[PDB]
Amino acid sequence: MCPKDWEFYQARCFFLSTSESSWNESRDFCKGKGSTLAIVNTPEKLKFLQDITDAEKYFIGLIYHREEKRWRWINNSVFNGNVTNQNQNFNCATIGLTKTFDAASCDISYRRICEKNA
C-alpha cells in the first residue's frame, strides 16, 4: 500500500496537497516527500486524478520548453495532450475543476499533486 495520506493507482502513489505554493516550491515540497510532480500521461491517469481533485486547481509535472516550442512531462517525454489558454507568459500547467490541462503562471500559488512508486 501507499504511505498514509497517499492514494494508490496502478503501482503508483499520489498525494493531493491542501497547501498552495509556486511551481518550484511545489517541486521542493514533493521532493521533501521523495516524490515528483505528477505525470498524467494517459486517459486513465487523467480520469483517476480529476475524479478526486474536484473543485480546486493543482500543479502537475508538465512544463513548457522555450527551447523546443513544446510542453514536456518532467520525466523527459513529449507532452501528449492539449493545454488550454497558452500565452507567451505561462510555462506551467494545472488540472482539476475544468475537464482539461490548463496553462498557468509558474509564479502563482496552487495546490500540487505529488507522485512516487508504491
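Throughout, we count residues from 1 along the sequence that is shown.
Visitor: Highest mean C-alpha temperature factor of the two stretches 30-38 and 84-92, which is it?
Guide: The stretch with the larger mean CA B-factor is 84-92.
Visitor: Please compare 49-57 with 69-77 and name the stretch with the higher mean C-alpha B-factor in the deposited structure.
Guide: It is 49-57.
Visitor: Test of reading the entry: by CA B factor among the chain's modelled residues, which third contains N24?
Guide: Answer is lowest: the recorded C-alpha B-factor places it there.
Visitor: Against its chain's modelled residues, does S17's Cα B factor rank lowest, middle or highest third?
Guide: CA B-factor rank for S17: lowest third.
Visitor: When the deposited Cα B-factors of this chain's modelled residues are ordered and cut into thirds, is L97 in the lowest, the middle or the highest one?
Guide: For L97, whose C-alpha B-factor we compare with every modelled residue in the chain, the answer is the highest third.
Visitor: Looking at the temperature factor on the CA atom of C106, which third of the chain's modelled residues does it land in?
Guide: Ranked within chain, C106 CA B lands in the middle tercile.
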